[PDB]
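# Survey of secondary and tertiary structure
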Amino acid sequence: XXXXXXXXXXXXXXXXXXXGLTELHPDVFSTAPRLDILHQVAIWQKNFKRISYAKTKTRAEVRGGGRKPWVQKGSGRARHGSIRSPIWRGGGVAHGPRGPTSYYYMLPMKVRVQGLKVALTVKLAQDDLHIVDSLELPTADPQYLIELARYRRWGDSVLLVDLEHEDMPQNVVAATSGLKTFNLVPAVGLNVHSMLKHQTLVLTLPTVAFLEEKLXXXXXXXXX
Amino acid sequence: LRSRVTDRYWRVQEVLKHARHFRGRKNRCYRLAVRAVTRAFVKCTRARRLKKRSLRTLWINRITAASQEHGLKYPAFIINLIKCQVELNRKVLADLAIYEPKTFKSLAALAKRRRXXXXXXXX
Amino acid sequence: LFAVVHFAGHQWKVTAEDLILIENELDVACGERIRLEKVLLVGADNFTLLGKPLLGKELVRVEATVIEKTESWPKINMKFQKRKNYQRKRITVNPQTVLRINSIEXXXX
Amino acid sequence: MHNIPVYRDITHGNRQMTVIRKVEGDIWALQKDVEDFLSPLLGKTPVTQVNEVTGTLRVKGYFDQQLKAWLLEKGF
Amino acid sequence: XXXXXXXXXXXXXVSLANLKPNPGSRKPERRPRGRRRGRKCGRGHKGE
RNA sequence: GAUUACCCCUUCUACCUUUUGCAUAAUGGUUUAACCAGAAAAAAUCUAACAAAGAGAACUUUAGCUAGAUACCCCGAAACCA
């Protein structure tokens, strides 16, 4: 049995501190990340969000009449039916989007679960994943966050998953206000799309706890 | 929804760019330009294939002339050159038949010499 | 005084200072000096030497220099068949090599 | 749980091929062992490994009994 | 073995642009437009 | 192709459609622009998930099951009925 040991650095996030120690055992890690699964999950996530509102009018749905513009023979002109025909510039298209549909589909649970798992592994081994005990934002201002990201040399895009959404106003207020770099989201609302959207992941101890619980229970349910 | 955009206009522009110097609507209209272009390329291939034939015939004519000046015909000269183990091409042989009459005179002399020696050895 | 050489399955009439283009590549670096065989030799004193099926290596020599490796103007080759819907367009560029003839050596035996 | 995956692959209706999945350790060594084991029995060693993010061991014949026995007794 | 080889080298961090399917995953759907099969779209000449 | 910064000479039986066969005195087109006619997955091949189980309380299953990806175009009557 190979046990992966990951070091969790506790940051009191005031300033000038990279010092912290916690021993983490992320059994959720996978040997080789699947690109195919991740791609399918991304494509699917892009797929069920489609509104499918594209509309047109077939020749039958055209306001124009179905009367014959002239006689079949003797006129000297070409043979023609109603002017709502697609061959006419007053008509529509037959193969057009007009008929509606739904571009989504039902993806197996093990596939999407293994997708989030593999993605988490990718972010893990990429050094872009950091674990903390807690989060503190006493001053709660954009300048503090920016200078923190610049001084601590974090990633260009960092996804912060900490809160259970039920507490800690001081953080959320400053974090959700006018910030392009950092994004916020509850621990129970963590998804693969959000992780792949950002180049850097930062999780806290409860977040990692619930995450590893959910992922170990899903891996144990998929193995059994 | 897509659009026709500049694609067709650029293709037409290219064909017409290759349709320059052509006569009439073929250097103006697109369809006739294409129709003339196809024929132009076919004629390119065919004439490039028959060019070697034309040049060969011309060279043969020149060498025939230069040979007849010395009293012998083209086929006899060819045979004599074959039995003389001369692999020289008819292009260079014609060039010598024009600019350097001395070399062709020597080859003709050796030709008549081989012919007379063969006619004397056969008798 | 001129010579007649053979290369790439083609025979050529070479003279001093002349520039001759030969098909494709000779597998020789640019600037290098190479030697060529002799099919025929003709001296301007009206003295000709023709060996078979080759000339003397010790008797006569030909030395030329490669300027560079160029490419001839692109030739468009198209095949068309009537009402077979068969059209094939291919643009072919013929590789060439520039040779500068420098020294034609003739020695007495 | 059950010991090891065993994949019986059908390329066509009446045609059958054997497929194994990576479990423990590297695939190369186990593949070499498979070759050395199947060489005297089959007479040939047509072993092929297909590796993308994981791996698949494919051979010509039916060794699946000896396969299961091997991967059982070994414990991998 | 692949984990160590993937963790050893520094990659592009795998942006969404770096996502690629496995070989033969999705078929390059055939479009009837072309000189490959002329004008009949593979239906042959006339008939029903 | 040669040839002159232009041309004569030499080398070649329009396109498309329909056909055993068309430069054909068989068909369609004044030219140009633009518009305009292959959108259906059962079984199968293939890429992945798990495996005597797959699949989001519904079905299949003596290696299956699930998901994704692959093939079946338009115009035209004379007439009928209300």
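Residues numbered from 1 in each chain as written, not as in the entry; some residues may be left out. Chains lettered and ligands numbered in written order. Part of a larger assembly, values for the part shown. Heavy atoms only, no water. Residues with missing side-chain atoms left out of burial classes, pairs and counts.

Here we take up the overall build of chain C. Across its full length, chain C holds 0 helices and 10 strands. Listing the helices and strands of chain C from first to last along the sequence gives β-β-β-β-β-β-β-β-β-β. By the compact-globule yardstick of 13 Å for 109 residues, chain C is too spread out, its C-alpha radius of gyration being 19 Å. Projected onto its principal axes, the C-alpha coordinates of chain C cover approximately 70 × 30 × 20 Å. (Helix = DSSP H or I, 4+ residues; strand = E, 2+ residues; numbered from the N terminus. Rg over C-alpha atoms; globule rule 2.2 N^0.38 Å.)

Further remarks concern the pairing of strand β2 (residues 17-21) of chain D. All names here are of chain D. Strand direction decides the pairing type here: strand β1 (residues 7-9) and β2, joined by 3 bridges, are antiparallel. The residue bridging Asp9 from the neighbouring strand is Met17, located in β2. Relative to strand β4 (residues 55-59), β2 is paired through 4 bridges, and the arrangement is antiparallel. Paired with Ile20 across the strands is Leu57, a residue of β4. (Pairing = 2+ DSSP bridges.)

By contact count, the dominant pairing among the 5 pairs of chains in contact is that of chains B and C. In this view chain B stays clear of chain D, with the nearest C-alpha atoms of the two still 38 Å from each other. (Contact = heavy atoms within 4.5 Å.)

Around RNA strand F there are 59 residues in total, and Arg59 of chain A, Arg39 of chain B, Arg83 of chain C together with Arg39 and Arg43 of chain E lie nearest to it. Sugar and phosphate atoms represent 83% of those atoms of RNA strand F found within 4 Å of the protein. Contacts to RNA strand F include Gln72 of chain A, whose side-chain N or O atom sits 2.6 Å from a sugar or linking oxygen. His2 of chain D has a polar side-chain atom sitting 3.1 Å from a phosphate oxygen of RNA strand F. For the surface near RNA strand F, the secondary structure elements donating two or more residues are α1 (35-47) and α2 (109-128) of chain A, α2 (30-68) of chain B together with β1 of chain D. In terms of residue class, the surface near RNA strand F is made up of 16 nonpolar, 12 polar and 31 charged. (Near = heavy atom within 4 Å. Polar contact = N/O pair within 3.5 Å; in protein donor to acceptor, adjacent residues only side chain to side chain. Nonpolar A, V, L, I, M, F, W, Y, C, P; charged D, E, K, R; others polar.)

Here we take up the packing of helix α3 (residues 74-83) of chain B against helix α5 (residues 101-122) of chain B. All names here are of chain B. One can describe the packing of α3 onto α5 by two numbers: an axis separation of 9 Å at closest approach and a directional angle of 85°. In terms of orientation, α3 lies roughly perpendicular with respect to α5. In this structure, α3 contributes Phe77, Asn80 and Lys83 to the contact, and α5 contributes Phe104, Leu107, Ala108, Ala111, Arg114 and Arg115. Classifying every residue of the contact of α3 with α5 by side-chain character gives 5 nonpolar, 1 polar and 3 charged. (Axes fitted to C-alpha atoms, helices over the stretch in contact; angles between N-to-C directions. Parallel < 35°, antiparallel > 145°, perpendicular 65-115°, else oblique.)

Residue and element names in this part refer to chain C. Relative to strand β9 (residues 86-92), strand β8 (residues 75-81) is paired through 7 bridges, and the arrangement is antiparallel. By the bridge assignment, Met78 is partnered in β9 with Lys89. Hairpin connection from β8 to β9: 4 residues lie between these consecutive antiparallel strands, with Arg83 at a positive phi of about 60°.

Okay, the sheet that holds β2 of chain D next. Two orientations exist for strands paired in a sheet by backbone hydrogen bonds: parallel and antiparallel. Residue and element names in this part refer to chain D. Pairing is antiparallel in the open sheet, where 4 strands are placed in the order β1-β2-β4-β3. The two strands at the open ends of the sheet, each matched to only one other strand, are β1 and β3 (48-51). On average, each strand axis in the sheet is tilted by 30° relative to the strand beside it, whichever way the strands run. Sheet contacts for helix α1 (residues 27-42): β3 and β4; angle to β4, the most-contacted strand, approximately 10°.

Bringing the side chain of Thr45 of chain B into the picture now. With respect to the element layout, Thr45 of chain B can be found in helix α2. On the basis of relative accessibility, which here comes to 14%, the residue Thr45 of chain B falls in the buried class. Among residues more than four places away in sequence, those in contact with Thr45 of chain B are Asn77 and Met78 of chain C. (Buried < 20%, exposed > 50% of the residue type's maximum accessible area, 1.4 Å probe, protein only.)

Before going further, it helps to examine the sheet that holds strand β6 (residues 47-49) of chain C. All names here are of chain C. Pairing in this open sheet of 4 strands is antiparallel, and the strands run β2-β1-β5-β6 from one edge to the other. Each of the sheet's edge strands pairs with one partner strand only, and the pair in question is β2 (10-14) and β6. Across the sheet, the mean angle from the axis of one strand to that of its neighbour is 15°, orientation sign disregarded. Of the pairings in the sheet, the one linking strand β1 (residues 2-7) to strand β5 (residues 40-43) comprises 3 bridges and is antiparallel in character. Within β5, the position partnered with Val4 by the bridge is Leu40.

Each side of the interface is counted separately: chain B has 21 residues, and chain C has 21 residues. With both sides pooled, the region where chain B packs onto chain C buries about 2,000 Å², and carbon together with sulfur makes up 61% of that total. Inspection of the chain B/chain C interface yields 1 salt bridge. Salt-bridge contacts for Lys13 of chain C lead to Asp95 of chain B; the nearest nitrogen and oxygen are separated by 3.6 Å. At the surface where chain B touches chain C, the tally comes to 5 residue pairs in polar contact. For the side of chain B that touches chain C, the secondary structure elements donating two or more residues are α2, α4 (90-99) and α5 of chain B. (Buried area = accessible area lost by both parts, 1.4 Å probe. Salt bridge = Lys/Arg side-chain N within 4 Å of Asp/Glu carboxyl O.)

All names here are of chain A. The biggest cluster of nonpolar side chains holds 27 residues, and the ones touching the most others in it are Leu120, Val161, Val192, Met195 and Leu203. Elements with a contribution of two residues or more to this core: α1, α2, β3 (129-132), β4 (158-161), α5 (192-197), β6 (200-204) and α6 (205-223). Ranked by the residues each element gives to this core, the list is headed by α2, at 5 residues. Residue contacts for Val161: discarding those within four places in its chain leaves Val185, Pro186, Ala187, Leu190, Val202, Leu203, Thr204 and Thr207. (Core = buried A, V, L, I, M, F, W, Y, C linked by side-chain atoms within 4.5 Å.)

All quantities given are derived from atomic positions and should not be read as evidence of function.
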